[PDB]
$ cat structure-v4.cif   # mmCIF, N, CA and C atoms
data_start
#
loop_
_atom_site.group_PDB
_atom_site.id
_atom_site.type_symbol
_atom_site.label_atom_id
_atom_site.label_comp_id
_atom_site.auth_asym_id
_atom_site.auth_seq_id
_atom_site.Cartn_x
_atom_site.Cartn_y
_atom_site.Cartn_z
ATOM 1 N N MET L 1 1.250 -11.414 -21.137
ATOM 2 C CA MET L 1 1.720 -11.821 -19.782
ATOM 3 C C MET L 1 3.181 -12.304 -19.837
ATOM 4 N N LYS L 2 3.869 -11.874 -20.866
ATOM 5 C CA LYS L 2 5.300 -12.255 -21.063
ATOM 6 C C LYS L 2 6.184 -11.641 -19.968
ATOM 7 N N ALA L 3 6.418 -12.441 -18.958
ATOM 8 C CA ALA L 3 7.248 -12.032 -17.806
ATOM 9 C C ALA L 3 8.708 -11.733 -18.185
ATOM 10 N N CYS L 4 9.047 -10.468 -18.246
ATOM 11 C CA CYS L 4 10.444 -10.065 -18.596
ATOM 12 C C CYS L 4 11.384 -10.430 -17.434
ATOM 13 N N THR L 5 12.636 -10.082 -17.599
ATOM 14 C CA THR L 5 13.667 -10.355 -16.577
ATOM 15 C C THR L 5 13.238 -9.683 -15.268
ATOM 16 N N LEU L 6 13.149 -10.521 -14.274
ATOM 17 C CA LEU L 6 12.746 -10.099 -12.894
ATOM 18 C C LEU L 6 13.628 -8.961 -12.343
ATOM 19 N N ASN L 7 14.742 -8.737 -12.998
ATOM 20 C CA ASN L 7 15.703 -7.681 -12.604
ATOM 21 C C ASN L 7 15.072 -6.286 -12.534
ATOM 22 N N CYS L 8 15.851 -5.390 -11.995
ATOM 23 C CA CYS L 8 15.412 -3.974 -11.838
ATOM 24 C C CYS L 8 15.400 -3.243 -13.183
ATOM 25 N N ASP L 9 14.288 -2.621 -13.476
ATOM 26 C CA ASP L 9 14.153 -1.866 -14.754
ATOM 27 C C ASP L 9 14.360 -0.373 -14.413
ATOM 28 N N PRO L 10 15.293 0.287 -15.068
ATOM 29 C CA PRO L 10 15.786 1.636 -14.643
ATOM 30 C C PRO L 10 14.649 2.661 -14.539
ATOM 31 N N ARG L 11 13.613 2.401 -15.290
ATOM 32 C CA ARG L 11 12.415 3.295 -15.311
ATOM 33 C C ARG L 11 11.525 2.949 -14.112
ATOM 34 N N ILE L 12 11.465 1.672 -13.833
ATOM 35 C CA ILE L 12 10.639 1.152 -12.704
ATOM 36 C C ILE L 12 11.283 1.431 -11.349
ATOM 37 N N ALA L 13 10.447 1.911 -10.470
ATOM 38 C CA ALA L 13 10.874 2.252 -9.082
ATOM 39 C C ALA L 13 10.216 1.262 -8.121
ATOM 40 N N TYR L 14 8.914 1.363 -8.052
ATOM 41 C CA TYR L 14 8.102 0.479 -7.167
ATOM 42 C C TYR L 14 6.819 0.125 -7.906
ATOM 43 N N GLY L 15 6.038 -0.701 -7.267
ATOM 44 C CA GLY L 15 4.754 -1.126 -7.876
ATOM 45 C C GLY L 15 3.800 -1.610 -6.800
ATOM 46 N N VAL L 16 2.544 -1.496 -7.131
ATOM 47 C CA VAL L 16 1.456 -1.926 -6.202
ATOM 48 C C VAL L 16 0.692 -3.027 -6.941
ATOM 49 N N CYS L 17 -0.078 -3.768 -6.200
ATOM 50 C CA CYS L 17 -0.880 -4.885 -6.783
ATOM 51 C C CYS L 17 -2.066 -5.109 -5.823
ATOM 52 N N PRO L 18 -3.029 -5.923 -6.202
ATOM 53 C CA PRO L 18 -3.995 -6.507 -5.225
ATOM 54 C C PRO L 18 -3.261 -6.989 -3.958
ATOM 55 N N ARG L 19 -3.534 -6.300 -2.877
ATOM 56 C CA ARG L 19 -2.921 -6.606 -1.546
ATOM 57 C C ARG L 19 -1.389 -6.438 -1.589
ATOM 58 N N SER L 20 -0.998 -5.189 -1.639
ATOM 59 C CA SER L 20 0.446 -4.792 -1.689
ATOM 60 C C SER L 20 0.536 -3.329 -1.225
ATOM 61 N N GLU L 21 0.907 -3.174 0.020
ATOM 62 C CA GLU L 21 1.050 -1.833 0.649
ATOM 63 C C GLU L 21 2.329 -1.102 0.157
ATOM 64 N N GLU L 22 3.194 -0.713 1.069
ATOM 65 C CA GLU L 22 4.482 0.012 0.780
ATOM 66 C C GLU L 22 4.195 1.450 0.306
ATOM 67 N N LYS L 23 5.049 2.352 0.726
ATOM 68 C CA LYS L 23 4.928 3.794 0.362
ATOM 69 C C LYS L 23 5.080 3.971 -1.160
ATOM 70 N N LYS L 24 4.569 5.063 -1.670
ATOM 71 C CA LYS L 24 4.669 5.319 -3.141
ATOM 72 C C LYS L 24 5.891 6.207 -3.434
ATOM 73 N N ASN L 25 7.024 5.706 -3.014
ATOM 74 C CA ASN L 25 8.330 6.404 -3.200
ATOM 75 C C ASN L 25 9.425 5.503 -2.620
ATOM 76 N N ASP L 26 9.809 4.552 -3.429
ATOM 77 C CA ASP L 26 10.871 3.573 -3.035
ATOM 78 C C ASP L 26 11.327 2.933 -4.346
ATOM 79 N N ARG L 27 12.512 3.253 -4.802
ATOM 80 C CA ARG L 27 12.973 2.644 -6.085
ATOM 81 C C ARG L 27 13.650 1.286 -5.803
ATOM 82 N N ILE L 28 12.810 0.312 -5.539
ATOM 83 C CA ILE L 28 13.261 -1.071 -5.248
ATOM 84 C C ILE L 28 13.627 -1.718 -6.599
ATOM 85 N N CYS L 29 14.044 -2.955 -6.543
ATOM 86 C CA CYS L 29 14.428 -3.687 -7.784
ATOM 87 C C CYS L 29 13.255 -4.538 -8.289
ATOM 88 N N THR L 30 12.634 -4.054 -9.335
ATOM 89 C CA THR L 30 11.469 -4.769 -9.946
ATOM 90 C C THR L 30 11.234 -4.239 -11.378
ATOM 91 N N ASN L 31 10.278 -4.829 -12.052
ATOM 92 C CA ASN L 31 9.944 -4.420 -13.453
ATOM 93 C C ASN L 31 8.445 -4.623 -13.752
ATOM 94 N N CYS L 32 7.945 -3.868 -14.701
ATOM 95 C CA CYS L 32 6.504 -3.963 -15.101
ATOM 96 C C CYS L 32 6.274 -5.139 -16.058
ATOM 97 N N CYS L 33 7.016 -5.173 -17.144
ATOM 98 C CA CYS L 33 6.852 -6.292 -18.131
ATOM 99 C C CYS L 33 7.025 -7.660 -17.455
ATOM 100 N N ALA L 34 7.689 -7.645 -16.329
ATOM 101 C CA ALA L 34 7.923 -8.894 -15.552
ATOM 102 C C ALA L 34 6.675 -8.926 -14.655
ATOM 103 N N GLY L 35 6.626 -7.938 -13.793
ATOM 104 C CA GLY L 35 5.525 -7.709 -12.801
ATOM 105 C C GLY L 35 4.687 -8.920 -12.382
ATOM 106 N N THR L 36 3.422 -8.639 -12.198
ATOM 107 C CA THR L 36 2.430 -9.676 -11.789
ATOM 108 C C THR L 36 1.054 -9.206 -12.299
ATOM 109 N N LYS L 37 0.056 -10.014 -12.070
ATOM 110 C CA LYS L 37 -1.331 -9.678 -12.519
ATOM 111 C C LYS L 37 -1.936 -8.474 -11.760
ATOM 112 N N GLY L 38 -2.617 -7.649 -12.516
ATOM 113 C CA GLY L 38 -3.292 -6.422 -11.984
ATOM 114 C C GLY L 38 -2.401 -5.392 -11.272
ATOM 115 N N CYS L 39 -1.103 -5.540 -11.362
ATOM 116 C CA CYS L 39 -0.192 -4.567 -10.688
ATOM 117 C C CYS L 39 -0.070 -3.227 -11.433
ATOM 118 N N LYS L 40 0.629 -2.319 -10.806
ATOM 119 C CA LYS L 40 0.865 -0.951 -11.365
ATOM 120 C C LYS L 40 2.261 -0.484 -10.936
ATOM 121 N N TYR L 41 3.172 -0.499 -11.882
ATOM 122 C CA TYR L 41 4.574 -0.083 -11.637
ATOM 123 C C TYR L 41 4.849 1.338 -12.140
ATOM 124 N N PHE L 42 5.357 2.093 -11.205
ATOM 125 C CA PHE L 42 5.722 3.516 -11.401
ATOM 126 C C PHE L 42 7.175 3.788 -11.026
ATOM 127 N N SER L 43 7.639 4.881 -11.576
ATOM 128 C CA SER L 43 9.010 5.380 -11.368
ATOM 129 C C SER L 43 9.003 6.139 -10.031
ATOM 130 N N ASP L 44 10.166 6.595 -9.655
ATOM 131 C CA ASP L 44 10.313 7.356 -8.372
ATOM 132 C C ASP L 44 10.363 8.868 -8.613
ATOM 133 N N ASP L 45 10.554 9.245 -9.852
ATOM 134 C CA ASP L 45 10.620 10.695 -10.215
ATOM 135 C C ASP L 45 9.201 11.263 -10.434
ATOM 136 N N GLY L 46 8.213 10.488 -10.059
ATOM 137 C CA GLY L 46 6.797 10.897 -10.207
ATOM 138 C C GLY L 46 6.346 10.748 -11.661
ATOM 139 N N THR L 47 6.483 9.542 -12.157
ATOM 140 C CA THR L 47 6.103 9.203 -13.546
ATOM 141 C C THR L 47 5.771 7.706 -13.624
ATOM 142 N N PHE L 48 4.517 7.411 -13.850
ATOM 143 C CA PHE L 48 4.070 5.985 -13.950
ATOM 144 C C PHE L 48 4.719 5.295 -15.152
ATOM 145 N N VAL L 49 4.998 4.021 -15.008
ATOM 146 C CA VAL L 49 5.629 3.273 -16.136
ATOM 147 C C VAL L 49 4.493 2.448 -16.743
ATOM 148 N N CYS L 50 4.114 1.350 -16.132
ATOM 149 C CA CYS L 50 3.001 0.547 -16.722
ATOM 150 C C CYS L 50 2.502 -0.474 -15.721
ATOM 151 N N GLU L 51 1.468 -1.178 -16.096
ATOM 152 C CA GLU L 51 0.882 -2.209 -15.192
ATOM 153 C C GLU L 51 1.471 -3.591 -15.447
ATOM 154 N N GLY L 52 1.744 -4.247 -14.345
ATOM 155 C CA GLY L 52 2.322 -5.619 -14.381
ATOM 156 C C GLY L 52 1.399 -6.586 -15.120
ATOM 157 N N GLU L 53 1.904 -7.771 -15.331
ATOM 158 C CA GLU L 53 1.119 -8.821 -16.046
ATOM 159 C C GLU L 53 1.746 -10.211 -15.880
ATOM 160 N N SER L 54 2.425 -10.428 -14.775
ATOM 161 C CA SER L 54 3.089 -11.753 -14.509
ATOM 162 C C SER L 54 3.746 -12.354 -15.787
#

$ encode --input "structure-v4.cif" --output "C-alpha coordinates"
Amino acid sequence: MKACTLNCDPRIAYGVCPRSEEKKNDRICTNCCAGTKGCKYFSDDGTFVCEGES
(Lines of atoms letter the chains of each structure in order from A and count residues from 1; the text may use other names and numbers.)
(Lines give C-alpha, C1' and ligand atoms only; values in the text may rest on other atoms or scores of the structure.)
Protein backbone atom coordinates (compact mmCIF):
# COMPACT_ATOMS: atom_id res chain seq x y z
CA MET A 1 0.00 0.00 0.00
CA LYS A 2 3.07 2.23 -0.50
CA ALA A 3 1.44 5.37 -1.88
CA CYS A 4 3.81 6.71 -4.59
CA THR A 5 3.94 10.36 -5.68
CA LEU A 6 0.36 11.52 -6.26
CA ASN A 7 1.68 13.08 -9.50
CA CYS A 8 0.75 11.94 -13.00
CA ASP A 9 2.40 8.67 -14.07
CA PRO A 10 3.09 8.74 -17.87
CA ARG A 11 1.71 5.20 -18.25
CA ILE A 12 -1.37 5.98 -16.13
CA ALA A 13 -4.28 7.69 -17.86
CA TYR A 14 -7.35 7.21 -15.66
CA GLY A 15 -8.57 4.84 -12.98
CA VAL A 16 -11.77 3.47 -11.48
CA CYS A 17 -12.48 2.43 -7.89
CA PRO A 18 -15.45 1.44 -5.66
CA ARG A 19 -17.90 4.25 -6.54
CA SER A 20 -15.97 6.12 -9.26
CA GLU A 21 -17.68 6.77 -12.62
CA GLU A 22 -15.95 8.81 -15.44
CA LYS A 23 -15.48 7.59 -19.04
CA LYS A 24 -12.77 4.98 -19.78
CA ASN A 25 -10.73 7.38 -21.94
CA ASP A 26 -9.35 10.43 -20.13
CA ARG A 27 -5.61 10.76 -19.40
CA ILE A 28 -6.02 12.75 -16.16
CA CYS A 29 -3.17 13.23 -13.65
CA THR A 30 -2.98 10.20 -11.34
CA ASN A 31 -0.94 7.04 -10.58
CA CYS A 32 -1.50 3.36 -9.65
CA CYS A 33 1.29 2.85 -7.06
CA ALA A 34 -0.16 5.97 -5.41
CA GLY A 35 -3.82 5.16 -6.23
CA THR A 36 -6.31 4.02 -3.60
CA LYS A 37 -7.80 0.75 -2.29
CA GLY A 38 -9.45 -1.64 -4.80
CA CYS A 39 -8.87 0.77 -7.73
CA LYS A 40 -7.84 -0.07 -11.32
CA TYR A 41 -5.59 2.33 -13.25
CA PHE A 42 -5.27 2.05 -17.01
CA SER A 43 -3.53 3.93 -19.80
CA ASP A 44 -5.36 5.82 -22.57
CA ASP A 45 -3.78 3.88 -25.46
CA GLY A 46 -5.92 0.88 -24.45
CA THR A 47 -3.48 -0.82 -22.08
CA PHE A 48 -4.16 -1.45 -18.36
CA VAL A 49 -1.38 -0.45 -15.95
CA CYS A 50 -2.26 -1.80 -12.47
CA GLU A 51 -4.61 -1.64 -9.50
CA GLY A 52 -4.37 1.12 -6.91
CA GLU A 53 -3.54 0.45 -3.25
CA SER A 54 -3.62 3.83 -1.40

$ atom_distance --input "structure-v4.cif" --atom1 "atom N of residue 20 of chain L" --atom2 "atom CA of residue 54 of chain L"
15.0 Å

$ residues_around --input "structure-v4.cif" --residues "residue 1 of chain L" --least-positions-apart "6" --cutoff "9 Å" --atoms "only C-alpha atoms" --output "list in words"
residues 33, 34, 35, 36, 37, 52, 53 and 54 of chain L

$ atom_distance --input "structure-v4.cif" --atom1 "atom C of residue 28 of chain L" --atom2 "atom N of residue 43 of chain L"
10.2 Å

$ closest_residue --input "structure-v4.cif" --among "L:11, L:38, L:2, L:46" --to "residue 25 of chain L" --atoms "all atoms listed in the file"
L:46

$ atom_distance --input "structure-v4.cif" --atom1 "atom N of residue 40 of chain L" --atom2 "atom N of residue 26 of chain L"
13.6 Å

$ axis_aligned_box --input "structure-v4.cif" --around "segment 6-21 of chain L" --padding-each-side "6 Å" --output "JSON"
{"center_x": 5.9, "center_y": -3.6, "center_z": -7.3, "size_x": 31.8, "size_y": 25.8, "size_z": 28.0}

$ resolve_selection --input "structure-v4.cif" --expression "the PyMOL selection byres ((chain L and resi 12) around 6.5)" --output "PyMOL selection string"
chain L and resi 8-11+13-14+27-28+30-32+41-44+49

$ select_by_dssp --input "structure-v4.cif" --residues "chain L" --states "strand (DSSP E)" --output "list in words"
residues 14, 15, 16, 40, 41, 42, 48, 49 and 50 of chain L
